[PDB]
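Asker: Chains as they are written, first to last, in the numbering used here: chain Y, 1 to 77; chain B, 78 to 154; chain A, 155 to 595; chain X, 596 to 1032; chain S, 1033 to 1470; chain V, 1471 to 1929.
Every residue gets a Cβ at the ideal spot worked out from N, C-alpha and C, and that includes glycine.
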Ligand SMILES: Nc1ncnc2c1ncn2[C@@H]1O[C@H](COP(=O)(O)OP(=O)(O)O)[C@@H](O)[C@H]1O
Ligand SMILES: Nc1ncnc2c1ncn2[C@@H]1O[C@H](COP(=O)(O)OP(=O)(O)O)[C@@H](O)[C@H]1O
Ligand SMILES: Nc1ncnc2c1ncn2[C@@H]1O[C@H](COP(=O)(O)OP(=O)(O)O)[C@@H](O)[C@H]1O
Ligand SMILES: Nc1ncnc2c1ncn2[C@@H]1O[C@H](COP(=O)(O)OP(=O)(O)O)[C@@H](O)[C@H]1O
């Protein structure tokens, strides 16, 4: 039906009725994420978790694009 | 067979089908650049990049019958 | 055409009365069993009520006493409304996923959601199509159609002309333009333009024009289970998984959120929950790791009623080593409620053989039916029900019409009943491989 | 704030004298286990020296005596410099990697590589992109204090184009590599738009000088270097877990290059501590690898705990002391522990009281000491919270004899639960049959 | 409103002074266990808990899980409650010491408040201002309104096929957009276009509502490990590229604790520690009571209510030791063990009355005594499963209330386990053609 | 960037640090107290014969067993052989509990370790033009083609190394490199000889300040030659050839750019591939280019291999290209792990045991433990008096060998904490009660640990 496939049966389509799917998308993929460059820049200076990121041939933008695309789009990159 | 699709009678279902099951970003990334894009990239004053930098389709490993199943009699027989 | 006569193609329902719940002794195929069919009638009438949880009814009984028969009667006496799901209990031991989760999906497959919403469709024969592709493109065009009553002209958008050259709508097709999406399902071809079709077969069906108005609203009713929604909301395009079994361990937060949105759909009146039936055939083939999950999946609001069938007596439980009645642990036998069956009296054997003979349309003399009842007293229903199909063919060897004693006595001569096969094994020990020895004459 | 009072919360280091190694009794949380704490202090002093490679120290003893307490004391009294690894033994039995490799990675985590360097980074807020379509350009960046105009030639204009940097972003350039990392937008341009996108996060302006140079001390492990060199974009594998049987030739190249870095003075190797909690869960197929991985130069000083007496070894069918094979017990050294006197039990319950900010009358403390002597530590420590909560229900400040007796009446110690089970056998599912009354 | 096995459980039914009262809130009797579970509920709400274990003894038929659902409805919808059986810990994609930590991270809750500013309405114009920022006029049935868009939300509008007069639904905060349909004023532009013609919304254009909404930390773990749902389009292959559960390392959890503590220190989110109810803990084997003895000692661990009904049994996975409850005494000293005693014959009748007035099945007092007779002499789970079939034998025979005769018929139509065992042994004597196959 | 620390470049003490070789004569007769060993004469003589067999290239699939009890020196002889052979001959010390994988069958990790144990030395040449580009100046042809514009016959490149610069005339079909790779003035390149297609390494360091922000890698000038005609020895194990032929490393498509992007999975290798690689390596040896060098596969703890592995080892040892298999077994009459039927010697099946040259290993005399203590003490640097040596030897004879070599580190720590420099009898008599052996631990475990109760162990 058009309820499940379009309106609010999908947990990813952020239509009205699926009021969770906007909030959950933003606060799991851009605010409370450990790969956003703001949440990397504060943890790069010693024993902490992104210590190694200075030495692998990447940058913050390399890591941030690499942690949200697919295996496909990362292969195209 | 073609893959199974969803018969849902909204416009959004048709748009999501033609954006997932076809998804022109992957098709452009797989087959290569438009010849118009080749012309605007090869007559310009400065070198510019291409988003499929070459045709990313893998070379088929069987010369006479590639990526299909449609064969024909053989003048040999 | 895919209606080949099986071992249960004669059961057309449970056969009991629906007013005083009396098991009338011969109706709709199920003949003879009385007390068990009344208890199955009570269970069936509390399934369609809906105001009960997932409970457990165990159809225990000896082999070939009509347990799959009662389950198939309850399956036929519900129609395609309340979801009945068969589960032979060896489909659970998979390798694509774990075992408890494979059981959870079989619980989720039997809780339907039934929603009813409308569409707008168009019947009718196409009189003619004109498309203004002149270098032009799909920009404007005229569509003239008709029913027996109506006749109309419509103008078309660009994303409709691209669906008209997509389905290649001729002058004479019987199409169904679903207006809300744009798909075109050609119901057939009109008879009156039979000359106008050259690229068709010599044998081609032709319809008549559709009758009635040309623009009508349909109230279609869909019913999908919770496992359907779970597999849909699991990947990018994930419904293919439930057609290919490639679904894996579905995370439990998805099932929790769908259990929340189904309740929010019910409270808004947009939906309706239909509890189905799950038939776990041969429930003794589960280890205790299964029963320690069925004891708690039969607790929630969303749980289908489980009907299950056991053959074994005092037997061992798989996984463990200690024996138990019916092959089930005692803390799980506290949950279930047991219906016991009985072996069959010989007149009931005779009329069951009569129903199985009338189902395959095989003529029998009454002497051959008496001999066949005498065989079925000593070898069970399955042996005689196969001797029927053998004896029809043996009568068709020598070009006869009705089977007789001279063909049942040949079918009893060639194909051994299993008692004489056990006697054959016991009297041919030294050549049949028992465990160690092979002797060659 | 994601930090709640657990069982191991009052132990702030090992609590021994650092000069002459004298375990004074009530120091840094730990109470009265003087010989084992002295031995752990000797172990810790040969850990921080870091010369002697690949010992093995087993901590035996009865349950509820303090074997993980001394381990957490050794973990707290090292600092963030020397690594430490809390691995219970059931973590090894995986379904994606075998037992040998998932126990090799436990050794590869506990050896750090320490390297000090200078980071030449540039924070800044973009003011105006000035592209001269003649190749050249000018970038104007500001902070809360300064503002400057830097030239650009050919290609980082294209990097700006690929990054789509608008006026108001917070860009960061690592000038030793040269790649733009857009950090987001500023709060001074939140008033500008009204319907924001998804990707935009707001930040404060950068503060201070543009060109920031700072000497930072990086400390990675060998396991980091092993997993990064596994596959191409393999750095996210150590967060995800999507790695498997790494080949031996990669680990050989990595150990050779770490030896080469130690020769050239770039790197300093810091050996650490692997802590294998509850080592009796390992089968013989794991001890046959531990007996070889304690031979190389790159092996951490392994500290392991155990509970069991003469028990069977998993994987085989013969009894052994401590659940360990004897060819492994010829290799380790063993520090035994001892049960506690009531004089130590009283002040351990006092420390658990002052950790949970629960006030106790002395009569309640004596009663709780008797309960701890008759039932153990883990039941006595679980009655402070319950007596505090029952005192909170009847609105009393100090807990008393009545609340502790109420908590003893409600919840059962494990000494009486066995008599409760053996008292009513006909209803508990023993092995075969249930009565169900 | 459909009846389950624990519909009549509403709460623990306590006093103000924490003393249980008999026949309160659905329970009948069972005083000390309800008092202890009330103390447990107060411990969960007190937020001074970083891993506590509570075991529930008592055989089958007694009310162990009724206490757990009483706790779950006593906490409310706010504090998370995760019930899992023991047998769910086994998988074929991850180790079984990782599904335990997945349940611990489903237990802890993180509540965030949002003020969602939604925009329903018909697009009036699509005007690119700068050469970038693109104004959109959203016409409602109450009035149009200008709206300035970021140059990244416009590339989410543009991926959707919004052209001139499509009604849209823009989230202002999260930047989420959906094309609802084409407005019915532009309906009959052509005559067989294919869109979903919907009317213009007869409300505001700017609806401002606030939503409190929860996130479990396991969802943070999954959303930070692998890309989920939105842009994960290669998962439609299925074989190797599906979202398979992966071994979430300790480093990822140790960083997600840092980020969540950062967003708690800004006063954005709130933290709520949950409850993990592991039922039938004998199915947990010794390769998980080793890992629980470590994982409960974290300063972040939630409370664990274990339930176990067995006596002195064999611990699974290590066949050469017996222990009480199927729990190793290495782990059993941690637990607070609560007893659960059986039921007296005068405390079964009240359960029959409450279970009868839960299902709506009314019956005379001469039948309550018979159901209590079957409750004493056979079992408690069986006598409660005759109230629902006998009502079906009541309204069919022209009655409304259940008498003795309907239950005397249902005891013959619906045999229990004991009489079925007697028929299975004694009546099914010889193993032959018409006998059971042991 | 990275700041160099000027500290002491010492090393760490392992259990086999003091071993430096076998310590033989020029005739093969062993000599006691030489190169780390103490005693153990016949085993060192037999291992010297094994070392001679390996360096003589006559071993083609032999097998050597090391018997003897635990803590007697089998792994010591293994590391002695590995340090005696050197570094240019391979040595792959796997264990028995390292063939069990979850991606491949366990009779395949054995074959991959055989291929790790075999080396191949290849001697070749390297002819490259090298350095930073100074000019890219074309030259007009003598006869231009009609119908076109420019016609360029020879392209000139000025390459400047860090020692000397050089002008270079090239064929004009270097242009397709230069346009595709974007080579400009100030970019170090290398031009090969077999094809001749230059590939840019990076912008030079002298032009690191012409701009300000536009940065990439700034590689320095190649501090070497401008025309390398340098020869290369190159060691590749046959495992590396099997992997590079089975799973190709670098491709240009989507799916091989997902294969190196997804995790590399060990896959089983079909035997036709190994047969072909052997047939071609034995051809390149006959041409006289590559040298085959067999190594040692020291399978430590050989009683962990079950009966399904020795069956594959019989096939693998009958191959014409195979290294030596030095097993290491320390069991007597043991049950073989696979088939729980036959109690065989050493955990080795009696069919496989006939292939093996069994070398014994004897226990140590009670006057050689003190010599091992002296060598281990002067290895760590821990010096100690003679009565302390006699007490450690007393603990070594009466308890264990591995236990008297572990009372040296806590004694040294307590010595330099108490305020001394050398270890006396008091420090060892104090450290003997902080670190109990297995014997007194089992005594406490049985005597004090009576039964499972409150203050008791869990049996
Ligand atoms: N009441 C009945 N009416 C008609 N056929 C029956 C009846 N009971 C049993 N049968 C027949 O007997 C056969 C055995 O029944 P079934 O339930 O399959 O045995 P089992 O319980 O061993 O599976 C079935 O093929 C069915 O056709
Ligand atoms: N010396 C001590 N002083 C204070 N508290 C202690 C001491 N020893 C043990 N404890 C406490 O007793 C508890 C049990 O110690 P633990 O090592 O967990 O026992 P087990 O070795 O049985 O696991 C720990 O929570 C610890 O806080
Ligand atoms: N105090 C009580 N009041 C009412 N019903 C109860 C009570 N205790 C138990 N029950 C009943 O017991 C049943 C649940 O038994 P359960 O606790 O699941 O046993 P177990 O935990 O051993 O599986 C429920 O049907 C519930 O009606
Ligand atoms: N001949 C020897 N000379 C010096 N040290 C020895 C000798 N033999 C054995 N050792 C020492 O004994 C210790 C244990 O011997 P080990 O090699 O572990 O026996 P196994 O080979 O049976 O495992 C090693 O650390 C080694 O240093």
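Are the C-beta atoms of residue 388 of chain A and some chain B residue less than 7 Å apart?
Answerer: Here residue 388 of chain A is taken as the residue at index 234 of the third chain, counted from 1. So no, residue 388 of chain A is outside the interface.
Asker: Does any CB atom of chain Y fall closer than 7 Å to the CB of residue 125 of chain B?
Answerer: Here the question's residue 125 of chain B lines up with position 48 in the second chain. By this cut-off, residue 125 of chain B is not an interface position.
Asker: Going by Cα to Cα distance, which pick from V/1681, V/1685 and V/1881 is closest to residue 1854 of chain V?
Answerer: For the purposes of this step, residue 1854 of chain V is identified with residue 384 of the sixth chain, where counting begins at 1. For the residues V/1681, V/1685 and V/1881, the minimum Cα distance to residue 1854 of chain V belongs to V/1881.
Asker: Which of the residues in the region 613–643 of chain X, read from start to end, lie with their CB under 7 Å from any CB of chain V?
Answerer: Within the region 613–643 of chain X, the residues whose Cβ lies closer than 7 Å to some Cβ of chain V are 615, 616, 630, 633, 634, 637, 640 and 641, listed in chain order.
Asker: Identify the contact partners of residue 1118 of chain S in chain A, using a Cβ-Cβ distance below 8 Å as the criterion.
Answerer: Counting from 1 along the fifth chain, the entry for residue 1118 of chain S is found at position 86. The answer, in chain order, is 446.
Asker: For the region 967–990 of chain X, enumerate the residues whose C-beta is nearer than 7 Å to any C-beta of chain S, in chain order.
Answerer: So the close ones are 971, 973, 974, 977, 980, 981, 984, 985, 988 and 989.
Asker: Along the chain, which unbroken stretches of the alpha helix (DSSP H) at least 4 residues long are found entirely within the region 349–435 of chain A?
Answerer: For the region 349–435 of chain A, whole alpha helix (DSSP H) runs of length 4 or above, ordered along the chain, are 380–386, 395–398 and 406–421.
Asker: Taking residue 1431 of chain S as the reference, which of S/1141, S/1450 and S/1393 has the closest Cα?
Answerer: Position 399 of the fifth chain, counting from 1, holds the residue named residue 1431 of chain S. When only C-alpha atoms are compared, the closest one is S/1393.
Asker: Give me whichever residues DSSP pairs with residue 1517 of chain V in a beta bridge.
Answerer: Position 47 of the sixth chain, counted from the start, is the residue given in the question as residue 1517 of chain V. The partner list for residue 1517 of chain V (beta bridge, DSSP) is empty, contrary to what the question assumes.
Asker: DSSP on residue 1371 of chain S, reduced to helix/strand/coil?
Answerer: Mapped onto the fifth chain, residue 1371 of chain S falls at position 339. Three-state result, residue 1371 of chain S: coil.
Asker: Given a limit of 7 Å on CB to CB distance, which residues of the region 87–107 of chain B reach chain Y?
Answerer: Within the region 87–107 of chain B, the qualifying residues are 87, 89, 90, 103 and 106.
Asker: Do residue 1796 of chain V and residue 1534 of chain V count as a contact pair if the criterion is CB distance below 7 Å?
Answerer: Start at 1 with the first residue of the sixth chain, and residue 1534 of chain V comes out as number 64. Start at 1 with the first residue of the sixth chain, and residue 1796 of chain V comes out as number 326. Taking 7 Å as the Cβ cut-off, residue 1534 of chain V and residue 1796 of chain V qualify as a contacting pair.
Asker: Is residue 440 of chain A close to chain X, meaning its C-beta is less than 7 Å from at least one C-beta of that chain?
Answerer: On the third chain, position 286 is the one that residue 440 of chain A refers to. It does not; no Cβ of chain X falls within 7 Å.
Asker: By Cβ distance below 6 Å, which residues in the same chain neighbour residue 911 of chain X in space, the five residues on each side in sequence not counted?
Answerer: Here residue 911 of chain X refers to the residue found at position 316 when the fourth chain is read from its first residue. Counting only Cβ-Cβ distances below 6 Å, and skipping sequence neighbours, we find 879.
Asker: Assuming the contact rule is C-beta atoms closer than 8 Å, residue 1002 of chain X and residue 1024 of chain X should be a hit. Round their C-beta distance to whole Å, please.
Answerer: Indexing the fourth chain from 1 puts residue 1002 of chain X at position 407. Indexing the fourth chain from 1 puts residue 1024 of chain X at position 429. Between residue 1024 of chain X and residue 1002 of chain X the Cβ distance is about 29 Å, and since that is not below 8 Å, they are no contact.
Asker: For residue 646 of chain X, would you say it is in contact with chain Y, using Cβ-to-Cβ distances shorter than 7 Å as the test?
Answerer: Along the fourth chain, read from residue 1 onward, the residue named residue 646 of chain X stands at position 51. Cβ-Cβ to chain Y under 7 Å: no for residue 646 of chain X.
Asker: Name the residue from X/854, X/719, X/681 and X/730 whose alpha carbon lies nearest to the alpha carbon of residue 708 of chain X.
Answerer: If you number the fourth chain from 1, residue 708 of chain X lands on position 113. Of X/854, X/719, X/681 and X/730, the residue nearest in Cα terms is X/854.
Asker: Between the beta-carbon of residue 199 of chain A and the beta-carbon of residue 1439 of chain S, is there less than 7 Å?
Answerer: Residue mapping note: residue 199 of chain A aligns to position 45 of the third chain, counting from 1. Residue mapping note: residue 1439 of chain S aligns to position 407 of the fifth chain, counting from 1. Contact flag unset, no.
Asker: Is residue 994 of chain X near residue 959 of chain X, with beta carbons less than 7 Å apart?
Answerer: Within the fourth chain, residue 994 of chain X is the residue found at index 399, counting from 1. Within the fourth chain, residue 959 of chain X is the residue found at index 364, counting from 1. Taking 7 Å as the Cβ cut-off, residue 994 of chain X and residue 959 of chain X qualify as a contacting pair.
Asker: Provide the residue(s) that pair with residue 1006 of chain X in DSSP beta bridges, ordered along the chain.
Answerer: Along the fourth chain, read from residue 1 onward, the residue named residue 1006 of chain X stands at position 411. Answer is none; residue 1006 of chain X lacks a bridge partner.
Asker: Assuming residue 1446 of chain V and residue 1531 of chain V make a contact with CB atoms under 8 Å, what is their CB distance in whole Å?
Answerer: This structure cannot settle anything about residue 1446 of chain V, because the visible part of chain V is limited to 1471 through 1929.
Asker: Heavy atom of ligand 1 less than 6 Å from the Cβ of residue 125 of chain A, yes or no?
Answerer: Outside the shown range of chain A, which is 155 to 595, sits residue 125 of chain A, and nothing can be said about it.
Asker: Taking the DSSP output, what are the residues bridged to residue 744 of chain X?
Answerer: Here residue 744 of chain X refers to the residue found at position 149 when the fourth chain is read from its first residue. According to DSSP, residue 744 of chain X bridges with X/735.
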